[PDB]
There are 12 protein chains.
Amino acid sequence: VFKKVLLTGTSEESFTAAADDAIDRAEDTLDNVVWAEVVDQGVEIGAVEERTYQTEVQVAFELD
Amino acid sequence: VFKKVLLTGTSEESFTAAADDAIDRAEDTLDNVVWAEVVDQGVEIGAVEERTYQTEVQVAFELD
Amino acid sequence: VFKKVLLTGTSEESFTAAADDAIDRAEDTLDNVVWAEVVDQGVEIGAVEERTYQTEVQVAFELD
Amino acid sequence: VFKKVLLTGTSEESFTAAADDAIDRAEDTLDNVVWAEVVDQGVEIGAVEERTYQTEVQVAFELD
Amino acid sequence: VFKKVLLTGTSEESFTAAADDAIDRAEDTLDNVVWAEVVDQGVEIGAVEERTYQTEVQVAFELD
Amino acid sequence: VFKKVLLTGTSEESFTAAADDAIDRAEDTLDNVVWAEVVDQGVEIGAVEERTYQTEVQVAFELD
Amino acid sequence: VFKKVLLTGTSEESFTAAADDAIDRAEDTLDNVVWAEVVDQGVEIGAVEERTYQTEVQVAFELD
Amino acid sequence: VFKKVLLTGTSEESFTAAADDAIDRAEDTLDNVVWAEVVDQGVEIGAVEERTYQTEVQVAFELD
Amino acid sequence: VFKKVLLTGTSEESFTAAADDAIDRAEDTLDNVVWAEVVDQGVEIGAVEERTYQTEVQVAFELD
Amino acid sequence: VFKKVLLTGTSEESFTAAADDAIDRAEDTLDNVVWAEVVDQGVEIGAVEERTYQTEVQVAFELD
Amino acid sequence: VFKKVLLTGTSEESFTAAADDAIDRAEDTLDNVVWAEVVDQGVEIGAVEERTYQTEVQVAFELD
Amino acid sequence: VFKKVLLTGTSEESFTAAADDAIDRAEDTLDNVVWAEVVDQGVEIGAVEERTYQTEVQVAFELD
Ligand SMILES: [Cl-]
Ligand SMILES: [Cl-]
Ligand SMILES: [Cl-]
Ligand SMILES: [Cl-]
Ligand SMILES: [Mg+2]
Ligand SMILES: [Mg+2]
Ligand SMILES: [Mg+2]
Ligand SMILES: [Mg+2]
Ligand SMILES: [Mg+2]
Ligand SMILES: [Mg+2]
Ligand SMILES: [Mg+2]
Ligand SMILES: [Mg+2]
Ligand SMILES: [Mg+2]
Ligand SMILES: [Mg+2]
Ligand SMILES: [Mg+2]
Ligand SMILES: [Mg+2]
Ligand SMILES: [Mg+2]
Ligand SMILES: [Mg+2]
Ligand SMILES: [Mg+2]
Ligand SMILES: [Mg+2]
Ligand SMILES: [Mg+2]
Ligand SMILES: [Mg+2]
Ligand SMILES: [Mg+2]
Ligand SMILES: [Mg+2]
Ligand SMILES: [Mg+2]
Ligand SMILES: [Mg+2]
Ligand SMILES: [Mg+2]
Ligand SMILES: [Mg+2]
Ligand code: NA
Ligand code: NA
Ligand code: NA
Ligand code: NA
């Protein structure tokens with residue numbers, strides 16, 4: 001059985017790096033991370049000092 | 001990094017109040033709740049005494 | 001077996017009341033109404049005297 | 001010919017009132033507003049003092 | 001309030017059995033499981049000895 | 001001209017059998033049933049004695 | 001309250017004429033037809049003597 | 001950079017002519033119109049003397 | 001077993017004729033073409049001498 | 001690099017068997033088939049002697 | 001109230017840079033740009049000297 | 001007439017490079033490649049030594 005968690009990573013550099021940011025966090029806390037699916041992308045402008053790229057991923061991990 | 005939980009709130013009054021019901025529950029248990037996105041709405045009729053409005057939200061919270 | 005009818009309710013007050021308007025009509029004519037799913041919402045402005053909220057629902061009822 | 005503008009209204013009270021907030025703004029600036037279609041709903045929590053309901057609408061108006 | 005977890009069940013037999021596999025896991029760990037919604041189906045071929053059917057479900061459970 | 005009715009069939013056995021359950025009901029009442037399109041699948045757990053598979057189909061039939 | 005029926009019209013000439021074919025049938029049987037929304041289009045080739053254009057419409061009519 | 005405007009053209013003749021009606025209006029007012037994407041089609045029946053075909057297009061034009 | 005090819009037909013006349021243009025090409029090369037499903041429509045303006053209607057179809061054909 | 005082919009399998013028994021029917025055909029002709037994604041399901045009724053389940057899959061295979 | 005404009009940015013380097021290209025243009029002309037949502041991505045090949053990445057964004061800005 | 005092939009490119013570096021990987025393969029084998037549309041993005045983690053970015057594109061090419 002696989003389970004997915006819905007995470008939004010951030011980066012000041014790129015959409016790829018923002019996806020990596022989410023996956024890194026998943027790997028900090030979860031065992032057996034197997035894949036991530038991009039489900040949304042966007043950019044925060046008017047709340048931050050530098051544009052911040054956001055990539056939302058479903059991160060799948062194997063249970064047991 | 002943000003994480004989302006998928007919650008369905010209920011209310012006997014309105015769709016807005018049903019969204020609030022989910023957000024209230026998230027805030028009981030989670031720190032740093034930042035936003036909610038409505039993803040579905042419906043009404044339970046033939047299981048309850050009074051019509052029950054349901055609003056399903058992805059509730060986003062900041063990790064750390 | 002359940003069947004659904006696709007109804008658009010109207011209200012001069014709210015989206016919730018417009019959903020109720022459709023469900024009320026279903027219950028006038030059908031037995032065993034069990035649930036409604038919101039599928040669209042909108043507002044009529046330039047055909048009516050007062051803004052009219054519209055909520056479109058699939059209304060499910062049990063056959064037999 | 002109709003044209004649509006994509007507006008997000010806000011309210012501290014309800015999703016219906018947030019839709020009205022967008023439509024009111026359209027009517028301030030545009031002639032012949034005829035209808036609005038809800039395309040998204042959400043709630044701002046962690047940037048404001050009170051929860052703020054957001055309703056995004058395509059607001060249609062007749063040209064000429 | 002209901003919460004959903006996003007699980008992918010597997011089976012060497014059928015899509016129905018793969019859905020059951022996810023629901024079984026949810027029921028091992030959660031109280032008050034009430035319903036599951038199928039959101040995706042697929043088949044793993046080139047990583048396994050026998051074709052493996054996958055059915056992804058949102059599994060809803062009642063909180064409290 | 002074809003018309004479609006939106007039916008949800010149920011089965012304690014499988015998603016295929018639940019689709020058949022809806023089609024059987026359509027054929028009880030309608031002439032010239034020609035095809036069915038699956039539009040949703042799910043499982044009822046916390047209202048029934050045994051898990052109940054649901055398959056929702058648009059059932060098309062030829063008019064005249 | 002409005003209700004919609006899901007009809008597929010056919011024509012050997014065009015997608016527009018196929019939509020008209022469905023609307024014509026609705027108007028044969030229903031009072032107060034107000035609008036139609038195109039939801040699908042296709043072409044039957046390998047069952048007919050001439051290509052047959054199909055346009056599927058939700059046809060809305062006012063109740064009462 | 002390209003920008004899109006969301007226009008609904010109308011015609012008493014066809015869906016193609018309704019798309020043209022929107023594009024014609026865009027070209028009246030905008031320079032460097034490059035393409036249009038159909039996003040919706042429908043028919044107005046119960047507000048007009050003759051059925052009126054509507055085709056909604058995103059009309060893209062090049063900035064500068 | 002059926003297979004589909006994803007083709008975009010073009011016409012200077014109409015969306016229907018653009019669909020036909022794709023189907024004609026499929027029939028030049030493939031046996032047992034059975035149906036086509038429209039999946040997108042658009043108009044090329046700023047690359048051609050005359051507006052060019054495009055209709056994208058999945059064209060299904062029977063294998064063997 | 002992976003490529004996908006869009007195939008509809010058929011079966012008189014089940015949706016799972018119809019998916020298998022498509023995958024079997026892919027494996028007859030292609031090397032390195034790795035996975036299949038279900039994209040549609042339906043039932044043919046009014047053209048065949050027995051109901052025929054159809055499952056449409058994108059079948060992915062590795063190039064080289 | 002927020003308003004969105006639908007812009008397609010271009011870059012010879014990356015999808016991230018193409019999003020930035022659109023946002024830069026919005027910021028040239030608009031005050032109070034707050035966020036951008038990616039809605040499409042693609043690559044122009046057969047009209048340009050070098051592959052050109054395109055990222056389409058809804059760019060939101062606060063009115064007043 | 002245009003045709004599209006559905007390809008998934010891979011890269012250890014970025015989503016942009018993964019799109020390029022698919023387009024490069026198309027250009028190895030096909031004449032008159034004109035454009036690519038991104039339809040999915042994801043990351044393989046638990047099958048490879050280094051995270052592998054995947055970008056799925058419909059690659060369009062002109063026939064004849
Ligand atoms: Cl989710
Ligand atoms: Cl329907
Ligand atoms: Cl838009
Ligand atoms: Cl495809
Ligand atoms: Mg930096
Ligand atoms: Mg998002
Ligand atoms: Mg009360
Ligand atoms: Mg729901
Ligand atoms: Mg009042
Ligand atoms: Mg609607
Ligand atoms: Mg207040
Ligand atoms: Mg939104
Ligand atoms: Mg076995
Ligand atoms: Mg999936
Ligand atoms: Mg049994
Ligand atoms: Mg459903
Ligand atoms: Mg003729
Ligand atoms: Mg269809
Ligand atoms: Mg005329
Ligand atoms: Mg529309
Ligand atoms: Mg001509
Ligand atoms: Mg397209
Ligand atoms: Mg048999
Ligand atoms: Mg299909
Ligand atoms: Mg360069
Ligand atoms: Mg696009
Ligand atoms: Mg490297
Ligand atoms: Mg994918
Ligand atoms: Na989730
Ligand atoms: Na219906
Ligand atoms: Na717009
Ligand atoms: Na394809």
Side-chain angles (χ1 to χ4, degrees), chain G, chain I:
Chain G
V1 183
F2 305 93
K3 181 170 174 178
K4 281 173 174 166
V5 287
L6 182 57
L7 299 173
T8 297
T10 70
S11 173
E12 291 171 8
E13 307 307 329
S14 69
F15 292 124
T16 295
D20 277 340
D21 181 60
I23 297 164
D24 287 348
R25 185 65 166 80
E27 291 186 332
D28 285 334
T29 44
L30 301 162
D31 268 65
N32 316 310
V33 174
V34 289
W35 83 82
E37 298 186 35
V38 175
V39 295
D40 229 4
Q41 292 169 295
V43 189
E44 181 62 62
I45 301 144
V48 284
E49 300 179 277
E50 240 219 306
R51 277 182 204 171
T52 297
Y53 311 95
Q54 298 188 346
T55 297
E56 182 176 51
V57 281
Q58 291 278 15
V59 182
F61 55 103
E62 200 160 15
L63 297 186
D64 323 322
Chain I
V1 183
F2 305 93
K3 181 170 174 178
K4 281 173 174 166
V5 287
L6 182 57
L7 299 173
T8 297
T10 70
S11 173
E12 291 171 8
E13 307 307 329
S14 69
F15 292 124
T16 295
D20 277 340
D21 181 60
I23 297 164
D24 287 348
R25 185 65 166 80
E27 291 186 332
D28 285 334
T29 44
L30 301 162
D31 268 65
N32 316 310
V33 174
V34 289
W35 83 82
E37 298 186 35
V38 175
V39 295
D40 229 4
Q41 292 169 295
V43 189
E44 181 62 62
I45 301 144
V48 284
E49 300 179 277
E50 240 219 306
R51 277 182 204 171
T52 297
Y53 311 95
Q54 298 188 346
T55 297
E56 182 176 51
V57 281
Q58 291 278 15
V59 182
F61 55 103
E62 200 160 15
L63 297 186
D64 323 322

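Values below: all heavy atoms of this structure, side chains included; hydrogens, waters and symmetry mates excluded. Throughout, protein chains are lettered first and strands after them, A, B, ... in sequence-line order, and every chain is numbered starting at 1.
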> Answer with side chain, backbone, both or neither: which region of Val33(I) has an atom nearer than 4.5 Å to a non-hydrogen atom of chain G?
both
> Any idea which heavy atoms bring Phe15(I) and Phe15(G) closest together, and the distance?
O-CE1, 4.2 Å
> Just jot down the side chain to side chain donor-acceptor pair (under 3.5 Å) partners of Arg51(I), sequence neighbours excluded, or say none.
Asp20(H), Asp24(H), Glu27(H)
> Could you list the donor-acceptor pairs under 3.5 angstrom formed by side chains in residues 34-44 of chain G, with sequence neighbours left out?
| unit_1 | atom_1 | unit_2 | atom_2 | d |
| --- | --- | --- | --- | --- |
| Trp35(G) | NE1 | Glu37(G) | OE2 | 2.9 |
| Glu37(G) | OE2 | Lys4(G) | NZ | 2.8 |

> Side chain from CB out, backbone as N, CA, C, O: work out which of these in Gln54(G) comes under 4.5 Å of a heavy atom of chain I, or both, or neither.
neither
